[PDB]
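*Asks:* Please find target34.json (JSON, C-alpha atoms and all ligand atoms) on the next line:
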```
[["chain", "number", "residue", "atom", "x", "y", "z"],
["F", 1, "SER", "CA", 77.53, 104.57, 128.89],
["F", 2, "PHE", "CA", 79.19, 101.84, 126.66],
["F", 3, "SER", "CA", 76.70, 99.95, 124.48],
["F", 4, "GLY", "CA", 76.77, 96.79, 122.39],
["F", 5, "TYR", "CA", 79.88, 95.33, 124.05],
["F", 6, "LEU", "CA", 80.28, 91.57, 124.27],
["F", 7, "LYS", "CA", 81.25, 90.49, 127.76],
["F", 8, "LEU", "CA", 84.45, 88.36, 127.68],
["F", 9, "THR", "CA", 85.22, 88.18, 131.42],
["F", 10, "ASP", "CA", 83.98, 89.82, 134.70],
["F", 11, "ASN", "CA", 85.84, 93.03, 133.69],
["F", 12, "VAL", "CA", 86.79, 92.83, 129.98],
["F", 13, "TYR", "CA", 84.29, 93.77, 127.22],
["F", 14, "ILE", "CA", 84.80, 93.95, 123.45],
["F", 15, "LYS", "CA", 83.12, 95.63, 120.46],
["F", 16, "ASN", "CA", 83.84, 95.88, 116.72],
["F", 17, "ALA", "CA", 84.04, 99.65, 116.57],
["F", 18, "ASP", "CA", 86.14, 102.63, 115.64],
["F", 19, "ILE", "CA", 87.65, 103.79, 118.93],
["F", 20, "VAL", "CA", 87.38, 107.42, 117.68],
["F", 21, "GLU", "CA", 83.62, 107.07, 117.17],
["F", 22, "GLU", "CA", 83.29, 105.23, 120.54],
["F", 23, "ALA", "CA", 85.20, 108.03, 122.29],
["F", 24, "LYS", "CA", 83.12, 110.83, 120.68],
["F", 25, "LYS", "CA", 79.87, 109.09, 121.60],
["F", 26, "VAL", "CA", 80.72, 108.00, 125.15],
["F", 27, "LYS", "CA", 83.37, 110.62, 126.08],
["F", 28, "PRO", "CA", 84.84, 108.12, 128.58],
["F", 29, "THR", "CA", 86.92, 109.18, 131.57],
["F", 30, "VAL", "CA", 89.92, 107.48, 129.94],
["F", 31, "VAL", "CA", 90.63, 106.62, 126.34],
["F", 32, "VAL", "CA", 93.79, 104.54, 125.85],
["F", 33, "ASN", "CA", 96.09, 105.46, 123.02],
["F", 34, "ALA", "CA", 98.34, 102.80, 121.42],
["F", 35, "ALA", "CA", 101.38, 105.06, 121.67],
["F", 36, "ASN", "CA", 105.07, 104.80, 120.79],
["F", 37, "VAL", "CA", 107.84, 106.04, 123.22],
["F", 38, "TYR", "CA", 108.08, 109.34, 121.37],
["F", 39, "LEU", "CA", 104.32, 110.06, 121.44],
["F", 40, "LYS", "CA", 104.50, 110.54, 117.64],
["F", 41, "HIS", "CA", 100.86, 109.77, 116.70],
["F", 42, "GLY", "CA", 101.44, 108.94, 113.04],
["F", 43, "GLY", "CA", 99.30, 105.93, 112.22],
["F", 44, "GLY", "CA", 96.95, 103.30, 113.59],
["F", 45, "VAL", "CA", 94.89, 104.18, 116.66],
["F", 46, "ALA", "CA", 97.37, 106.96, 117.61],
["F", 47, "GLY", "CA", 97.10, 108.73, 114.24],
["F", 48, "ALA", "CA", 93.31, 108.34, 114.32],
["F", 49, "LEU", "CA", 92.87, 109.69, 117.90],
["F", 50, "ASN", "CA", 95.30, 112.54, 117.15],
["F", 51, "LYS", "CA", 93.46, 113.41, 113.89],
["F", 52, "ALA", "CA", 90.14, 113.46, 115.84],
["F", 53, "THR", "CA", 91.67, 116.06, 118.23],
["F", 54, "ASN", "CA", 92.65, 118.28, 115.21],
["F", 55, "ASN", "CA", 96.35, 117.61, 116.14],
["F", 56, "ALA", "CA", 95.88, 119.03, 119.71],
["F", 57, "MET", "CA", 96.99, 115.64, 121.09],
["F", 58, "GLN", "CA", 100.28, 115.84, 119.13],
["F", 59, "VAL", "CA", 100.96, 119.44, 120.26],
["F", 60, "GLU", "CA", 100.40, 118.44, 123.88],
["F", 61, "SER", "CA", 102.49, 115.25, 123.43],
["F", 62, "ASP", "CA", 105.45, 117.15, 121.95],
["F", 63, "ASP", "CA", 105.42, 119.52, 124.97],
["F", 64, "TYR", "CA", 105.29, 116.43, 127.26],
["F", 65, "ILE", "CA", 108.27, 114.86, 125.44],
["F", 66, "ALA", "CA", 110.25, 118.14, 125.46],
["F", 67, "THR", "CA", 109.86, 118.26, 129.28],
["F", 68, "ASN", "CA", 110.04, 114.57, 130.26],
["F", 69, "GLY", "CA", 111.83, 112.72, 127.48],
["F", 70, "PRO", "CA", 110.46, 109.52, 125.94],
["F", 71, "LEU", "CA", 108.31, 106.92, 127.64],
["F", 72, "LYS", "CA", 109.59, 103.38, 128.27],
["F", 73, "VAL", "CA", 108.27, 100.46, 126.16],
["F", 74, "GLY", "CA", 105.65, 99.02, 128.57],
["F", 75, "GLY", "CA", 105.16, 102.46, 130.14],
["F", 76, "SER", "CA", 102.49, 105.12, 130.04],
["F", 77, "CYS", "CA", 101.58, 108.71, 130.69],
["F", 78, "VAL", "CA", 98.25, 110.45, 131.41],
["F", 79, "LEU", "CA", 97.52, 113.43, 129.17],
["F", 80, "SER", "CA", 94.31, 115.32, 128.19],
["F", 81, "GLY", "CA", 91.61, 113.43, 126.32],
["F", 82, "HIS", "CA", 90.76, 116.67, 124.41],
["F", 83, "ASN", "CA", 87.36, 116.29, 122.61],
["F", 84, "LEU", "CA", 87.46, 112.46, 123.04],
["F", 85, "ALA", "CA", 87.74, 111.74, 126.75],
["F", 86, "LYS", "CA", 88.55, 113.41, 130.10],
["F", 87, "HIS", "CA", 92.04, 111.83, 129.83],
["F", 88, "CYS", "CA", 94.11, 109.91, 127.37],
["F", 89, "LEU", "CA", 96.29, 107.16, 128.81],
["F", 90, "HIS", "CA", 99.12, 106.84, 126.27],
["F", 91, "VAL", "CA", 100.36, 103.26, 126.66],
["F", 92, "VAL", "CA", 103.43, 101.92, 124.86],
["F", 93, "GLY", "CA", 103.08, 98.28, 123.92],
["F", 94, "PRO", "CA", 106.09, 96.51, 122.34],
["F", 95, "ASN", "CA", 106.28, 97.04, 118.56],
["F", 96, "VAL", "CA", 107.31, 93.66, 117.10],
["F", 97, "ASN", "CA", 107.76, 95.22, 113.56],
["F", 98, "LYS", "CA", 110.31, 97.68, 115.02],
["F", 99, "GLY", "CA", 111.97, 94.62, 116.78],
["F", 100, "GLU", "CA", 110.80, 95.23, 120.42],
["F", 101, "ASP", "CA", 110.28, 92.52, 123.18],
["F", 102, "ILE", "CA", 106.75, 90.87, 123.19],
["F", 103, "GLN", "CA", 107.29, 90.05, 126.91],
["F", 104, "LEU", "CA", 106.72, 93.81, 127.63],
["F", 105, "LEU", "CA", 103.04, 93.51, 126.63],
["F", 106, "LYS", "CA", 102.03, 92.43, 130.15],
["F", 107, "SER", "CA", 103.83, 95.50, 131.62],
["F", 108, "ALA", "CA", 102.00, 97.68, 129.10],
["F", 109, "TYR", "CA", 98.59, 96.29, 130.15],
["F", 110, "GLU", "CA", 99.44, 96.78, 133.85],
["F", 111, "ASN", "CA", 99.09, 100.53, 133.23],
["F", 112, "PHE", "CA", 95.30, 99.99, 132.76],
["F", 113, "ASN", "CA", 95.02, 98.90, 136.44],
["F", 114, "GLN", "CA", 95.56, 102.50, 137.56],
["F", 115, "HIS", "CA", 92.15, 103.48, 136.05],
["F", 116, "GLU", "CA", 88.76, 102.12, 137.16],
["F", 117, "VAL", "CA", 87.30, 102.15, 133.65],
["F", 118, "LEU", "CA", 88.87, 102.61, 130.22],
["F", 119, "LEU", "CA", 87.97, 102.62, 126.52],
["F", 120, "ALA", "CA", 90.97, 100.92, 124.85],
["F", 121, "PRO", "CA", 92.43, 99.27, 121.79],
["F", 122, "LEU", "CA", 94.29, 95.88, 121.85],
["F", 123, "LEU", "CA", 97.89, 96.80, 122.65],
["F", 124, "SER", "CA", 100.64, 95.80, 120.19],
["F", 125, "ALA", "CA", 97.97, 94.55, 117.73],
["F", 126, "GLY", "CA", 97.60, 96.00, 114.17],
["F", 127, "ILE", "CA", 100.60, 97.86, 112.76],
["F", 128, "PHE", "CA", 102.53, 97.02, 116.03],
["F", 129, "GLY", "CA", 102.90, 93.41, 114.74],
["F", 130, "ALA", "CA", 101.91, 91.21, 117.70],
["F", 131, "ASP", "CA", 99.28, 88.41, 117.46],
["F", 132, "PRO", "CA", 95.96, 90.06, 118.50],
["F", 133, "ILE", "CA", 94.74, 86.75, 120.02],
["F", 134, "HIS", "CA", 97.82, 86.83, 122.31],
["F", 135, "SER", "CA", 97.18, 90.56, 123.09],
["F", 136, "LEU", "CA", 93.58, 89.80, 124.15],
["F", 137, "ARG", "CA", 94.81, 86.87, 126.32],
["F", 138, "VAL", "CA", 97.40, 89.12, 128.05],
["F", 139, "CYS", "CA", 94.71, 91.79, 128.47],
["F", 140, "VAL", "CA", 92.13, 89.55, 130.23],
["F", 141, "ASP", "CA", 94.95, 87.91, 132.36],
["F", 142, "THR", "CA", 96.51, 91.28, 133.38],
["F", 143, "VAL", "CA", 93.82, 93.97, 133.55],
["F", 144, "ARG", "CA", 91.62, 93.88, 136.70],
["F", 145, "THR", "CA", 89.80, 97.18, 136.08],
["F", 146, "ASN", "CA", 86.84, 97.63, 133.64],
["F", 147, "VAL", "CA", 88.19, 97.65, 130.06],
["F", 148, "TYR", "CA", 86.03, 98.22, 127.01],
["F", 149, "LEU", "CA", 88.02, 97.12, 123.99],
["F", 150, "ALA", "CA", 87.26, 98.66, 120.59],
["F", 151, "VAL", "CA", 88.51, 96.46, 117.69],
["F", 152, "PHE", "CA", 88.38, 98.40, 114.44],
["F", 153, "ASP", "CA", 88.73, 95.46, 112.01],
["F", 154, "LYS", "CA", 85.49, 93.38, 111.64],
["F", 155, "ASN", "CA", 87.22, 90.18, 110.51],
["F", 156, "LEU", "CA", 89.71, 90.47, 113.39],
["F", 157, "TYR", "CA", 86.86, 91.10, 115.85],
["F", 158, "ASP", "CA", 85.07, 87.99, 114.57],
["F", 159, "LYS", "CA", 88.28, 85.91, 114.88],
["F", 160, "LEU", "CA", 88.98, 87.22, 118.43],
["F", 161, "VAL", "CA", 85.50, 86.45, 119.75],
["F", 162, "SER", "CA", 85.31, 82.99, 118.12],
["F", 163, "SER", "CA", 88.75, 81.95, 119.43],
["F", 164, "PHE", "CA", 88.54, 83.43, 122.96],
["F", 165, "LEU", "CA", 89.03, 80.81, 125.66],
["F", 201, "LIG", "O1", 90.49, 107.08, 111.64],
["F", 201, "LIG", "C1", 89.59, 106.65, 112.37],
["F", 201, "LIG", "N1", 88.47, 107.36, 112.72],
["F", 201, "LIG", "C2", 88.30, 108.77, 112.78],
["F", 201, "LIG", "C3", 89.38, 109.63, 112.93],
["F", 201, "LIG", "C4", 89.16, 111.00, 113.04],
["F", 201, "LIG", "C5", 87.87, 111.51, 113.02],
["F", 201, "LIG", "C6", 86.80, 110.65, 112.87],
["F", 201, "LIG", "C7", 87.00, 109.28, 112.75],
["F", 201, "LIG", "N2", 89.63, 105.42, 112.96],
["F", 201, "LIG", "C8", 90.69, 104.51, 112.95],
["F", 201, "LIG", "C9", 90.87, 103.66, 114.05],
["F", 201, "LIG", "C10", 91.95, 102.80, 114.06],
["F", 201, "LIG", "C11", 92.81, 102.80, 112.99],
["F", 201, "LIG", "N3", 92.67, 103.62, 111.93],
["F", 201, "LIG", "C12", 91.62, 104.44, 111.92],
["F", 202, "LIG", "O1", 96.47, 89.19, 112.08],
["F", 202, "LIG", "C1", 97.06, 90.12, 112.63],
["F", 202, "LIG", "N1", 98.26, 89.99, 113.27],
["F", 202, "LIG", "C2", 99.05, 88.83, 113.38],
["F", 202, "LIG", "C3", 98.48, 87.59, 113.66],
["F", 202, "LIG", "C4", 99.28, 86.47, 113.77],
["F", 202, "LIG", "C5", 100.65, 86.57, 113.62],
["F", 202, "LIG", "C6", 101.23, 87.80, 113.35],
["F", 202, "LIG", "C7", 100.43, 88.93, 113.23],
["F", 202, "LIG", "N2", 96.62, 91.41, 112.62],
["F", 202, "LIG", "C8", 95.57, 91.98, 111.86],
["F", 202, "LIG", "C9", 95.71, 93.28, 111.39],
["F", 202, "LIG", "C10", 94.67, 93.87, 110.70],
["F", 202, "LIG", "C11", 93.52, 93.14, 110.50],
["F", 202, "LIG", "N3", 93.35, 91.89, 110.94],
["F", 202, "LIG", "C12", 94.36, 91.32, 111.60]]
```
Transcribe the structure of this file into structure tokens.
Ligand SMILES: O=C(Nc1ccccc1)Nc1cccnc1
Ligand SMILES: O=C(Nc1ccccc1)Nc1cccnc1
*Replies:*
Amino acid sequence: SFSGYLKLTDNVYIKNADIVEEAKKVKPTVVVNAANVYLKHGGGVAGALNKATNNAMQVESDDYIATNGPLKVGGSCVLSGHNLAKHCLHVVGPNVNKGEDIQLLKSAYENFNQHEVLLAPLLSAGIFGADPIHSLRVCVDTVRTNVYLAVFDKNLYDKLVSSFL
């Protein structure tokens, strides 16, 4: 199972790790992708997870979008986890750099409650532009299921742990 995670709350754990490497090692039931509404896995966690699946995640996502249309900001869809997980929960957090509403971050985290355990990144953090300290706060205050957060950046990980209330 998950190893070397710092316990933040009864159900939220955190580790300074590459979510791709965590997924390949653990092969969790659910890996969360930090998706956009179009499921275009270009950069950040999405580009990294997609690259780890040899683009199979993008091919599957484009078929999903052709059939269903785009996701909502704050929404999600369950697709295959390919070589990384049983499933991938593609969650759309608000992208502040593309001018989306930060209030939708709580709705985005609510999607995690439909899964008993997940390997996940901090939503709307990184290239999405939100304050990662705020994202972790919304996560622990919204998610009730077991979430194992992988924070790629060491310095960010250190800042998150040392500032967590
Ligand atoms: O690219 C990454 N790792 C990886 C990808 C494919 C295969 C093996 C390892 N990690 C990463 C995570 C978050 C943001 N950017 C990059
Ligand atoms: O500091 C960050 N975001 C942020 C914080 C405060 C205000 C606005 C944005 N993200 C970040 C990204 C990559 C590595 N470390 C940190």
*Asks:* Around ligand LIG 202 (chain F), at most 12 Å away and counting only C-alpha atoms and all ligand atoms, which residues are there? Put them as a PyMOL selection string, please.
*Replies:* chain F and resi 16+44-45+95-97+102+122-136+151-160
*Asks:* For residue 39 of chain F, which residue out of F:111, F:61, F:80, F:53 is the nearest one, using all atoms listed in the file?
*Replies:*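 Between F:111, F:61, F:80, F:53, the residue approaching residue 39 of chain F most closely is F:61.
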*Asks:* When you count all atoms listed in the file, which of these residues is closest to residue 142 of chain F: F:34, F:46, F:71, F:105?
*Replies:*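 Nearest candidate to residue 142 of chain F out of F:34, F:46, F:71, F:105: F:105.
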*Asks:* Mind giving me the straight-line distance from atom CA of residue 137 of chain F to atom CA of residue 9 of chain F in Å, one decimal?
*Replies:*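 One can read the atom CA of residue 137 of chain F to atom CA of residue 9 of chain F distance as 10.9 Å.
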*Asks:* Please provide as a list in words all residues within 12 Å of residue 115 of chain F, with the sequence filter that same-chain residues fewer than 6 positions apart are discarded (counting all atoms listed in the file).
*Replies:*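 The contact residues come out as residues 28, 29, 30, 31, 32, 78, 87, 88, 89, 109, 143, 144, 145, 146 and 147 of chain F.
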*Asks:* Measuring atom to atom with all atoms listed in the file, identify which of F:99, F:69, F:94, F:121 is nearest to residue 49 of chain F.
*Replies:*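 Among the listed residues, F:121 lies closest to residue 49 of chain F.
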*Asks:* Given all atoms listed in the file as the basis, pick out the residue of F:62, F:21, F:141, F:100 nearest to ligand LIG 201 (chain F).
*Replies:*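 Going through F:62, F:21, F:141, F:100 one by one, the smallest distance to ligand LIG 201 (chain F) is for F:21.
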